[PDB]
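Commentary on secondary and tertiary structure
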Amino acid sequence: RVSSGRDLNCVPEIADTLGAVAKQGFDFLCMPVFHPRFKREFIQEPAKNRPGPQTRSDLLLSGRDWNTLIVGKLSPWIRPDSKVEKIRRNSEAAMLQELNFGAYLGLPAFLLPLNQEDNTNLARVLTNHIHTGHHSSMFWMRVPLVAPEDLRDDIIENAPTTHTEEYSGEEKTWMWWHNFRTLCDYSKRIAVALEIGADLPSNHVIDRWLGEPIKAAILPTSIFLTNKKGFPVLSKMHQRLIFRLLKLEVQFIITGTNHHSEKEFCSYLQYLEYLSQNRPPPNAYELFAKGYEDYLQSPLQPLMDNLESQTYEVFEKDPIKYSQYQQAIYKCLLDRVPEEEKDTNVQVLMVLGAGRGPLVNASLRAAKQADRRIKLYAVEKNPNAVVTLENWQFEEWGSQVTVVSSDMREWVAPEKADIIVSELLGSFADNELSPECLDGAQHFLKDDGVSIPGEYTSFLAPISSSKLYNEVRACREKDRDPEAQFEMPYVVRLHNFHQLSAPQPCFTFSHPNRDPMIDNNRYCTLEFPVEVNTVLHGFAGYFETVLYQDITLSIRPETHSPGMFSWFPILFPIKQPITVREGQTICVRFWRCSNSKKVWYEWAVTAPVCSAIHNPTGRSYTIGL
Amino acid sequence: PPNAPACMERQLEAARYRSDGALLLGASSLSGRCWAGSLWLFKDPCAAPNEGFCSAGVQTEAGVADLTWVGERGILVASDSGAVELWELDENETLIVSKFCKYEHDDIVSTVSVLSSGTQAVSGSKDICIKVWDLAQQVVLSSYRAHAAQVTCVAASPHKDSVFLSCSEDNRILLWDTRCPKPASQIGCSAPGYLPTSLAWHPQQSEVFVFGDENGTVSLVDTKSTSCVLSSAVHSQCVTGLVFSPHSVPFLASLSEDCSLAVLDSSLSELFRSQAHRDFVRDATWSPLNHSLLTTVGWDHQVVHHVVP
Ligand SMILES: O=C(NC[C@H](O)CN1CCc2ccccc2C1)c1cc(NC2COC2)ncn1
Ligand SMILES: Nc1ncnc2c1ncn2[C@@H]1O[C@H](CSCC[C@H](N)C(=O)O)[C@@H](O)[C@H]1O
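Residues numbered from 1 in each chain as written, not as in the entry; some residues may be left out. Chains lettered and ligands numbered in written order. Heavy atoms only, no water.

X-ray crystallography is the method the PDB entry states for this structure, with the resolution given as 3.050 Å.

Now the structure itself:
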């Protein structure tokens, strides 16, 4: 199903009209609050003293309806950025008036047009209105894909449409929104209602709207082609955009009169529903990540904190991770023990950080698949989980598993290990301190011993998301640095964003590590070719890992293990959004830092401009040892 | 009269004298429960705007943005609904009946004019489009998306059936000629100017016209010379309408949002001025019978008759 409404600039009987559109199958209505042609004078007499009423009464609908069904529209004559002072001053007063009436009715949204370059004064007034009174109203900026000037039929004899292309010129519509939203200091209550023309522009200018808080898409009736049997439809490239927009879950807005008069009006709507019906159905991954889209989370710290029961339970339901782990041990067995040794040689396996013990069961399944014998140690620091392990142990596993209720860095092993099996990986691989944990544990691995995983690698990519930048911005808390939220990573199912370059590797760790002076601190410089005008809001983190040989796990979008929802991506925000021009290189610098107590990250952007070094000394974010 | 409504909406939008003497009125409701429009016929010009002393009347679905006389019985209407509709008069002239009603514009149809022949008309709208209509056949022959903003005013040339002016908030004034492959031509008095709002051809010379900007400055233009011959700060507000008198050497009537009326020389000097209106001045119409008589409507529901020296 689609959430969509009818746009009208003419309403005779509000009672009939709202019924008529609801009958047609529309969820809401976009209408004016005052008559569009009813220009009002606020300054000079006699026009100033026009007797009321100034508009129709609020009594005509129930509060229920005003709150749910009606989206107000600023009278088209209101022009706060006029060249004429008198119009400027009147528009100011008029705008405040109309916005106040909108808020008085308690409308969920109110439409305002971005149809020219200069909207400085329009912004100020709205901003002033936003900081006056206490209301929860949203504001939709009507901004078109292509400027009306760049759509005109080339029919002016002495002013032809310049046939040459301009990369930046054709993106001018985004720059209108950008200037406007920046002036309003990224208010969460200012969104985009994107108008779609008949002719879609080049793919690049469509793409800049990625990461933008698009709440609505506006479709003029005219843009709809008619088919073999007199029905409104859309092109293939228009369908593409619609499908892109459906994933972003925007509301749709139909504007203009029916130009396919022979059939009913709900025909435009029917086709939209039909397009929503036909959408490629959600995969195994998307049926799990449903509610988590663009939702910021704190990173887990399973060292200094014990994980809750349900946390384990949910992540234990992964259809792939344990299947991949089972195979990675299965291959390591067949390699370490020859066929003639299948009864003389019992291998010693050590599950470091066993959790509730699914990797113990996966170790047991790997044995009775490779027909080899194994001794098991289930080491776990979380005493609450150890309760589950010792219960699994007594009821099922028996003497084969030797549960150890301690930290691996601390545990004194009775015997050395053939294979150590561990899943201590975060979204950025090393961020849950898997390097440090296995280091204090590799002393009780045999000299020829195998560590699973063998290695892992973190990846980074620059993102543009004005949406996610505002989410972080909203994470300011009392009793701490007012910018602390920018100096910490977030686990998030990234959704409304734009990947500006290809993910490149960042940090890599190998296990075991026989380097004489073992060191886990890092410093890495990355360079990202960017080929669009954009605004950088941070860096997206992913990881890959090698469990054994070719058996691998990845959350990197290119090599993502299919159906594996165990990890969402990480986000490293940056304090100030950086403007990036087409054909420029983003240069980022990451440092992994640690002392004896805690490990943390520090980052900075060096090109095209410099940012501040983020989270220095781990002042805002650390992972404790 | 039968079908003629008992009451008329407060906001009077247009006033046009028929060549025989009658007065046509279009009025909209721009406030209150119902936002609508009505059409009125007054064979007694002095009786206006009394709903009880009218010859004919009818309600329209939505408000009246603009209208024009088509011939002697036809009424052409630019509806808020996005529709252009023709209203046919009775043979008795006591009933106003709808001829056609076509929803072809997407936003409010804001301006309409009839071409010299009287079988074709041109409409401008907020949707930015301008459309050429076949009145006899009730269809659009041509659709022109030439401007970049809402079309404020369209005025057909007096005699050439293929020529008309149009101005819009994109600061463009376009001289049209459907005979050319590129019909529109950008006629600019100056490169930067306050937005044009009103247009009127000179009734004698098909080569000169006048235009009022949003600033209260009426300017006289020559098409061939393409320079502002003359201008004057006539109004203190947006110039909303311009009408020439039927005189041999004609006067210019001037409408604005400063609620005042102005009647001007050929050199645009002030002759007459009237603040008789307490709200916006919406239209002006010269009496065919008495040339020195001029009728003006406003949003103050006042129908005023002026005697011009
Ligand atoms: O990426 C996330 N967390 C980062 C952690 O490193 C994930 N690991 C994954 C493996 C694991 C196994 C046992 C106990 C805990 C964990 C935690 C994340 C994903 C998500 N996924 C939704 C649950 O279904 C999709 N929800 C909230 N956080
Ligand atoms: N230094 C350390 N010593 C012992 N256990 C640790 C540790 N660091 C993390 N762990 C444990 O390792 C587990 C990581 S989560 C993995 C749980 C389980 N193997 C599964 O896949 O479902 C947590 O239960 C945590 O308590």
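Attention now goes to the overall build of chain B. Looking only at helices and strands, chain B features zero helices and 27 strands. For 309 residues, the compact-globule formula gives about 19 Å, and the C-alpha radius of gyration of chain B, at 18 Å, lands near that figure. Across its three principal axes, chain B shows a C-alpha extent of roughly 55 × 45 × 35 Å. Counting over 309 residues, chain B shows a buried share of 62%. With the model as given, the accessible surface of chain B reaches about 10,900 Å², and the carbon-plus-sulfur share is 50%. (Helix = DSSP H or I, 4+ residues; strand = E, 2+ residues; numbered from the N terminus. Rg over C-alpha atoms; globule rule 2.2 N^0.38 Å. Buried < 20%, exposed > 50% of the residue type's maximum accessible area, 1.4 Å probe, protein only. Areas by Shrake-Rupley, 256 points an atom, 1.4 Å probe, with all protein chains shown as cover.)

Let's shift gears to the state of the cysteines. Residues and elements named next belong to chain B. All told, the structure shown has one disulfide over all chains when counted by the stated rule. Each sulfur of the disulfide joining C189 and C228 lies 2.0 Å from the other. The sign of the 125° torsion about the S-S bond sets the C189-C228 disulfide as right-handed. Of this pair, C189 sits in the loop between β16 (184-186) and β17 (196-201) while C228 sits in strand β20 (residues 228-233), placing them 39 residues apart in sequence. Relative accessible area serves as the criterion here: at 16%, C189 is assigned to the buried category. (Disulfide = S-S within 2.5 Å.)

This part takes up the site of ligand 2. All names here are of chain A. Taken together, 20 residues are adjacent to ligand 2, and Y312, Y322, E380, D407 and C437 come closest. Side-chain polar atom of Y312 to an oxygen atom of ligand 2: 2.6 Å apart, as the coordinates give it. Between a nitrogen atom of ligand 2 and a main-chain N or O atom of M408, the distance comes to 3.1 Å. For ligand 2, whose unbound accessible area comes to 570 Å², protein coverage reaches 93%. The set of elements that each furnish at least two residues to the shell around ligand 2 consists of α10 (321-336) and α11 (358-370). The residue makeup of the shell around ligand 2, split by class, is nine nonpolar, four polar and seven charged. (Near = heavy atom within 4 Å. Polar contact = N/O pair within 3.5 Å; in protein donor to acceptor, adjacent residues only side chain to side chain. Nonpolar A, V, L, I, M, F, W, Y, C, P; charged D, E, K, R; others polar.)

Our next topic: the interface of chain A and chain B. Every contact between the two is made by 48 residues of chain A and, on the other side, 54 residues of chain B. Around 4,000 Å² of area is buried between chain A and chain B when both sides are counted, 53% of it from carbon and sulfur atoms. A per-residue breakdown of the area chain A buries against chain B is headed by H35(A), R37(A) and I155(A), which together make up 17% of the total. Where chain A packs against chain B, one counts six salt bridges. One salt bridge in this structure joins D80(B) and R37(A), with 2.6 Å as the shortest N-O distance. (Contact = heavy atoms within 4.5 Å. Buried area = accessible area lost by both parts, 1.4 Å probe. Salt bridge = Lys/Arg side-chain N within 4 Å of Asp/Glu carboxyl O.)

For the coordinates displayed, the defined rule picks out 51 salt bridges over all chains. Here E13(B) ties to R37(A) by a salt bridge, and the two come within 3.2 Å at their closest N and O atoms. Of this pair, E13(B) sits in strand β1 (residues 11-17) while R37(A) sits in the loop between β2 (28-30) and α2 (63-68), on two different chains. Under the relative-accessibility criterion, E13(B) is labelled buried at 6%.

Residue and element names in this part refer to chain A. The strand order across the open sheet formed by five strands is β13-β12-β11-β14-β15, and the pairing between neighbours is parallel. Whereas interior strands pair on both sides, the edge strands pair on one side only; in this sheet they are β13 (401-404) and β15 (445-452). Taken over all neighbouring pairs, the strand axes of this sheet differ in orientation by 25° on average, direction set aside. Where strand β11 (residues 346-352) meets strand β12 (residues 373-379), seven bridges bridge the pair, whose relative direction is parallel. Each bridged residue has a counterpart across the sheet, and for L349 the counterpart in β12 is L376. In this fold α10 packs onto β11, β12, β14 (417-422) and β15, with an angle of close to 150° to the strand it touches most, β15. In this fold helix α12 (residues 383-397) packs onto β12 and β13, with an angle of close to 165° to the strand it touches most, β13. (Pairing = 2+ DSSP bridges. Axes fitted to C-alpha atoms, helices over the stretch in contact; angles between N-to-C directions.)

The next point concerns the site of ligand 1. All names here are of chain A. Surrounding ligand 1, one finds 19 residues, the nearest of these being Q297, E423, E432, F565 and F568. Residue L425 places a main-chain N or O atom 3.4 Å away from an oxygen atom belonging to ligand 1. With the chains in place, 90% of the 620 Å² that ligand 1 exposes on its own is no longer accessible. Among the elements that line the shell around ligand 1, the one with the most residues is helix α9 (residues 309-315), at three residues. Within the shell around ligand 1, the residues separate by chemical class into twelve nonpolar, four polar and three charged. Residues lining the shell around ligand 1 come from more than one domain, with at least three contributed by each of domain 2 (288-454) and domain 3 (455-625). (Domains from an automatic or database assignment.)

On to the packing of helix α3 (residues 85-105) of chain A against helix α4 (residues 120-130) of chain A, then. Residue and element names in this part refer to chain A. Their axes nearest at 10 Å, the elements α3 and α4 cross at an angle of 35°. Note that α3 runs across α4; the crossing there is right-handed. In this structure, α3 uses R88, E92, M95, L96, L99, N100 and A103 to contact α4, whose residues at the interface are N121, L122, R124, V125, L126 and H129. By residue class, the composition of the contact of α3 with α4 is seven nonpolar, three polar and three charged. (Left-handed = near helix turned anticlockwise from the far one by under 90°.)

Turning next to the UniProt feature "active site" in chain A. All names here are of chain A. The UniProt feature table records "active site" at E423 and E432. One can find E423 in the loop between β14 and α13 (434-439). Not counting residues within four places of it along the chain, the set of residues in contact with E423 comprises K321, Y325, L352, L359 and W567. For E423, the side chain forms a polar contact with the side chain of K321, separated by 2.9 Å. Structurally, the position occupied by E432 is in the loop between β14 and α13. (UniProt positions renumbered as here; feature names shortened; annotations may be inferred.)

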